[PDB]
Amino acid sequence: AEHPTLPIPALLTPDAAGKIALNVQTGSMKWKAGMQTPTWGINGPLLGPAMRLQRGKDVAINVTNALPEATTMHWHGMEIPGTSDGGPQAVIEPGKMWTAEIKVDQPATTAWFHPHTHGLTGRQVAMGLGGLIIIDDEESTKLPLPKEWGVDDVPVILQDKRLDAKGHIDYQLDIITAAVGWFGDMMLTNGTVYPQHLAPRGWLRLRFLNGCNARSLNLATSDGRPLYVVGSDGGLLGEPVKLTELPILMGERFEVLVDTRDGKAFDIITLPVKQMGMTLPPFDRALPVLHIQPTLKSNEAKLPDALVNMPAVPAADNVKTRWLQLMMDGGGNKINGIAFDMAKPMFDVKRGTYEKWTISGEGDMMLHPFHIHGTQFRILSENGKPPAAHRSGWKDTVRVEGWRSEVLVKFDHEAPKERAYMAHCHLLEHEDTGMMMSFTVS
């Protein structure tokens, strides 16, 4: 009963000039009683808009920095050239504006955007910076999936935050937060503590994004009803995958369909995970993150038998292999002995060519959601075992926790030395403290 309403991020479309304006500004959010928490946000006090882009169409994104300090703006999941990626090299100084030219050339998905500031990514994402990218294509539009934005097509950004006694965001990059990660005693759903959403009877499409810096989540329904996964990080699956529990890693996106035809209210809950530090209350028990309340009104959605033509995984056979050994040994966080050196991109990749990448987390029991820039790949092996049905489509993240993972990457866009792609552990504090690397595509 005593709960807020789930905020819906505005659906911005490119204007008459084919441009989208993003003003990265300061603000505040009222979480602690009688305490305005200073936060950061794109076009608001926290988080940002959902940029709706069409496949094939172009857009110029005018990112204005209105913060007191420098920031960047990465477009997580976009298959774009390194010159438009917005990594730690594309620095937007305070009061300045950087433009990112993007030509959409990938399937329909829920991609996202967040800063990628050198050694400061975690801090700025925790401050409140984040947003969505809704990609549309003809193939996906034909499907009878819920399309009414903010009504039956709903974004769900799940981030945890920690506040100090004065209400301020408590973020210190000490040795503990640099090793286990930054986590908090407060769960947010679109920057709101356990909000409610009114949905039509029929089907409800939830675009889940785990926006936590370090916390992994395990989504499920309170009354055991199924979650039908229809999409992953980079597109819809071949056909829906019926799941009860949906583990979602930091930076990952999953589009799920929920049956609301019965008209009964229920919660989207997250289950306790066996990750270090992520066990403490309120995460000690099942935690409701979003309350779905079906209305009397209804939609004509169907949950199709087949979604899109998911291509077969090509047997690489003779491709250039890669070895990325993640290490939290002795001195600190590093990949292949080298802690992230921006001046030296590990290797060059021939554009348009397949490769077989192998990431290793052996001799380390920490969780590493390995994220690769400028691509959407197919997981060949996830932590030894083959990828789950819902994790076998288009992914830009792969689980690396204790053993080794192997994916089939291919980069269709260039990335010069000056604006090289990044590959890193999406546990933001690991990335900031060295567990990141660069590579060029030509």
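The numbering used is simple: start at 1 and walk along the sequence shown.
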### Query
Looking at the deposited entry, does 336-344 or 159-167 carry the larger mean Cα B-factor?
336-344
### Message
So, looking at the entry's B-factor column for Cα atoms, which has the higher mean, 231-239 or 315-323?
### Response
315-323
#### Entry: Residue of maximum C-alpha B factor among 72, 124, 190, 360, per deposited coordinates
360
### Task
Kindly indicate the residue among 283, 112, 149, 208 with the greatest C-alpha B-factor in the PDB record.
283
### Summary
Here the Cα B-factor of residue 131, set against its chain, lands in the third termed lowest
### Task
State the tercile, meaning the lowest, middle or highest third, of residue 51 with respect to the CA B-factors recorded for its chain.
lowest
### Message
Ranking every modelled residue in this chain by its Cα temperature factor as given in the entry, which third contains residue 77?
### Response
lowest
### Task
Pull the Cα B-factor of residue 424 out of the PDB entry and bin it into the chain's lowest, middle or highest third.
middle
### Message
Based on the deposited C-alpha B factors for this chain, I'd like to know if residue 375 is in the lowest, middle or highest third.
### Response
middle
